[PDB]
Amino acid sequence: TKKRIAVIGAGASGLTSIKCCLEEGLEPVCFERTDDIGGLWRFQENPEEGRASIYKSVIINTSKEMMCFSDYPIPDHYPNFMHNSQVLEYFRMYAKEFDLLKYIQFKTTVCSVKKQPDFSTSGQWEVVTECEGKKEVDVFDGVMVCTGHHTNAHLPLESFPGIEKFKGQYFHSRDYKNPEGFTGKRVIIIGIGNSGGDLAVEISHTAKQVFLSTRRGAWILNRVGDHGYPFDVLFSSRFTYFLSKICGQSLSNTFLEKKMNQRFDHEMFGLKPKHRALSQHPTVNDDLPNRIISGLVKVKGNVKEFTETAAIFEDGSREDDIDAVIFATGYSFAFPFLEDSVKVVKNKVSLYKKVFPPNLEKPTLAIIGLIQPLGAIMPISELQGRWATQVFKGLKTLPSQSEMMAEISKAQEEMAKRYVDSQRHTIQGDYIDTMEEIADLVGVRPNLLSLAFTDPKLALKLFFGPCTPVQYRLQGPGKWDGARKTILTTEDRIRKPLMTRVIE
């Protein structure tokens, strides 16, 4: 009498959502609208309808040790910050090791997920799915939604009077792939998220002049941290977490801001914003400062008005003979197949722990990977998936509707106090906070106080070292044999791919 779980999407979130089903003995059916896995990380030269488009050169901004699945370490020889193709290969490896591919039926789009007539007792969903033009209806005991949130382009043309008049080319970051078409041209980038940044430096290699236009400015991080350790291996350690907690937000901020200014002074470089370090989604770009100091990227304020030829800026300055404008203005999400269960408006959604609709008579619809962490999504989707599948079996249970809604509203409230008021700051999470939060719900949070005495060597690494995901496969339901071994050898794996010449 095995519960059948629909997993929608076969990216990082889909893949782990299948594994998490199999591991609690549920039968996963996985629908994936394209002809392969990886979702966002499977680069193609052309954009595809209804799946995340990326550019060829993209290198992931989260260290391999911090983004691995908890029970499947990334290979020793893989670099600390992997190219999009290496992320994809690792996903393929994950899917072979846990035999996930057979449960996927590709080329299959999910049109509709409606609670059934008997939902108040059965908790079951009517999933409708088209496949090369032929419909199909099925019933399921639970649904895990693993569609992305970097798919539907946010192209706010309405807030750029005279863009309709502009006679150069202009398009969303989505459609950017390589800089060939920009040799010796003058290009404006709108927005200073990681798309803005990546494109501003890349296009500046070929282009005559790139302008990086920001309406706010940005605090700007480097993945090459102190001593060349990955910045997230350093910042996301339980010790740094504890130091942050006693020191408070505004002092943490002053530390981080003063750190970033030592690298380059955001005021002198024209990038300094009115907000604080932790009030914005981190923009990571080690190359941007060096391009700015050479004039090949020019930091600008917001474009107020476009002509046939030019941009006018909020400060009355003007830039002429503009060949192309790219809107790195980011993405909005929605659920066309769930316009009954889950509602989103301008990236505002209400979900308990970012996962469960609170207004469900049964807890049988999980939303996986709908978070913007200061960290990797894959490891959080996995914990979301461990938890999700447990409440599908009734091994764990949700609070009452009204107390779910208090936590939801409490979260939206402090997120709104903390983060700059923009559509991209609606689902922010911190990495350690989030991993612990969901780990505690699954009962796999490592007992670090006991281990202090029962194993002082492990205990030390767990605390003073990086808060690696493998940490959450030590104890509890999904307990993994080789967690302790891998957790201790985490240094070796960070160094393996860098000691390619002997020094001694």
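When you see a residue number, it is the position in the sequence shown, counting from 1.
In this crystal structure, the stretch out of 33-41 and 447-455 whose C-alpha atoms carry the higher mean B factor is 447-455.
Here 401-409 and 195-203 are compared by their mean Cα B-factor, and 401-409 comes out higher. When the C-alpha B factors of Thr183, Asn347, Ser213, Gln86 are read from the deposited coordinates, the top value falls at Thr183. The entry assigns its greatest Cα B factor, within the set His281, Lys135, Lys300, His275, to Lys135. Sort the modelled residues of the chain by CA B factor and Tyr472 lands in the middle third. Residue-level temperature factors show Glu97 in the middle third of its chain, judged at the C-alpha atom. The entry lists a Cα temperature factor for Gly369 that places it in the middle third of the chain's modelled residues. In the PDB entry, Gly9 places in the lowest third of its chain by CA B-factor. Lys485: CA B factor lies in the highest third for its chain, per the PDB record.
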